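In: here is the sequence, then the experimental structure:
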Amino acid sequence: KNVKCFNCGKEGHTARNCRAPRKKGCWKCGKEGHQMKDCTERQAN
DNA sequence: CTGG
Ligand SMILES: [Zn+2]
Ligand SMILES: [Zn+2]
């Protein structure tokens, strides 16, 4: 879809789809033990 | 925009 992947960089898909290795922690937030949104990725408030 |  002409989108660069969060942790792989290659386009035509998204992080999870990319064959390359996945990020251990949250992509947007970094932390570990959850998805991307669940963690303080963007001031949950 | 896209999400594990
Ligand atoms: Zn990728
Ligand atoms: Zn996080």
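Out: That came through, no problem. Numbers count the residues shown, from 1 in each chain, chains lettered A, B, ... in the order given. Ligands and ions are numbered 1, 2, ... in the order given.
In: how about the residues of chain A by ligand 2?
Out: Contact residues, chain A versus ligand 2 (C-beta under 5 Å from the ion): A:26, A:29, A:31, A:39. Every residue, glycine included, has its C-beta placed from N, CA and C.
In: just the buried residues of those.
Out: For the residues of chain A next to ligand 2, a burial check counting by 16 or more other C-beta atoms under 10 Å picks out A:26, A:29, A:39.
In: list the contacts of the second one.
Out: So that's residue A:29. Residues in contact with residue A:29 (C-beta atoms under 8 Å, 6 or more residues apart in numbering) are A:36, A:39, A:40, A:41.
In: what's the burial count for the third one?
Out: Okay, so that is residue A:40. By other C-beta atoms under 10 Å, 12 other residues sit near residue A:40.
In: check the gap between the closest residue to it other than its chain neighbours and residue A:38 for me.
Out: Nearest residue to residue A:40, sequence neighbours excluded (C-beta to C-beta, 6 or more residues apart in numbering): residue A:29, at 6.0 Å. Distance of residue A:29 to residue A:38, computed by C-beta to C-beta, to the nearest Å: 8 Å.
In: residues of chain A that sit close to ligand 1?
Out: A:5, A:8, A:10, A:18.
In: select only the buried ones of those residues in PyMOL?
Out: One line in PyMOL is enough to select the buried members of those, burial here meaning 16+ other C-beta under 10 Å:
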select buried, chain A and resi 5+8+18
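In: now distance to residue A:45 and secondary structure too, for the residues of chain A next to ligand 1, in JSON lines please.
Out: Formatted as JSON lines, the residues of chain A next to ligand 1 follow (distance: C-beta to C-beta, whole Å; DSSP: H, G, I helix; E, B strand; the rest coil):
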{"residue": "A:5", "distance to residue A:45": "28", "secondary structure": "coil"}
{"residue": "A:8", "distance to residue A:45": "30", "secondary structure": "coil"}
{"residue": "A:10", "distance to residue A:45": "34", "secondary structure": "coil"}
{"residue": "A:18", "distance to residue A:45": "31", "secondary structure": "coil"}
